[PDB]
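In structure tokens, one chain follows: the form deposited in one PDB entry.
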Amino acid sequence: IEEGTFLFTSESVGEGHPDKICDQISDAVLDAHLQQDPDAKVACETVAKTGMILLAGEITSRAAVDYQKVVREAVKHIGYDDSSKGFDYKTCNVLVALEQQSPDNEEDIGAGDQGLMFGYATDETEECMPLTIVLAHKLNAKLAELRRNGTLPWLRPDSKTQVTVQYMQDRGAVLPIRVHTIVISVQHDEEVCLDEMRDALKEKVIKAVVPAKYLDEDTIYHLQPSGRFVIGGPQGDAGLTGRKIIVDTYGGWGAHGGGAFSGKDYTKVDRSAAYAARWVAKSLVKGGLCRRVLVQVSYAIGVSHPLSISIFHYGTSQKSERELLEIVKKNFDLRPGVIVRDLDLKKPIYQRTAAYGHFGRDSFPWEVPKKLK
């Protein structure tokens, strides 16, 4: 019945979306530093516009990093290798305005600020993520796969997707019923016709990614909805690091306290503690303690242990929220310097996080649920 259902929408963007190009370059720079100096402090912003990658920010590191190589290899990997595509790693301007200095008990490091971090998890997918954002990410990944394997050789790197799912409530848990609307816009070459693109997007992309049970004759498809998308990448739109923070996290679900992730080393609590909060939420759901949960961790400036933790289970547990809090405190140490140790965050793992979401992928330590005792 209409009266018990609701719609929810999330979006994702491809590796060649100009904002995502900047996130990936910022984390490539972070990784390059961490490979040589595990204690590097990095706050690297990237700006991309026609013919230009500009790096700005502050670094304290012993590393000697070849920025030409880091930037150009990232752009090559993304797939911008010719003027005909709007951007070329071989010929773009790389401007380095980074200010790098040399440097002069980790468990007791105080929080740098008073602040709030959220973790979220939901049993609606195997990834413990909202279906809307999982499907949106996977659609972009599929486009990249078919571009790179030459199945759809007219594809270019810039893309955006958006998925609206129709849900019912099930005692605080959310149950996906059907995909209501899908949007896909993807950059393309000058030869391919609109109808062939739209057919490919439906048959080779959407039907390869979205389970058939969620698609029906009423599902609305907006495929290349503005018509041609030849001009794209940084030529079409300036990009900046930290401008896809909702794409990076929960797609509008749960909550967000405000910090961007990319270009920031693990001593930035707004990255590492966000990862740890996710780890807690996912562990609660995978442990069968709730179906859906929002974990809200507050820190007091200069204090290592969290000031307060609140667990909101949306009514999806037999346990009280106080009981869940006891379980969390028994099983997790959310001091910033201890999170870094437990999730091994000094490793150069960050470039992989910078497209397709920081959450919902099994290859990251914060996505391996902890067995709860």
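Note that residue numbering begins at 1 and tracks the sequence as displayed. For the two forms, the rigid core is made up of the largest set of C-alpha atoms that agree within 1.5 Å on superposition.
The discussion below concerns the form deposited in another entry, not included here.
Next item on the list: Kindly specify the one residue in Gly259, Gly252, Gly172, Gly112 whose Cα moves by 2 Å or more between this form and the one not shown, with superposition done on the rigid core.
Entry: The residue that shifts is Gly112.
Item checked: Threshold 2 Å Cα movement between this form and the one not shown for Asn331, core superposed -> Yes.
Next item on the list: Classify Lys346 as shifted (yes) or not shifted (no) between this form and the one not shown, where shifted means its C-alpha moves by 2 Å or more with the rigid core superposed.
Entry: It does not reach a 2 Å shift.
Notebook entry, point to check: Taking the rigid core as reference, does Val70 move its C-alpha 2 Å or further between this form and the one not shown?
Noted result: Comparing the forms between this form and the one not shown, which are aligned on their rigid core, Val70 does not shift its C-alpha by 2 Å or more.
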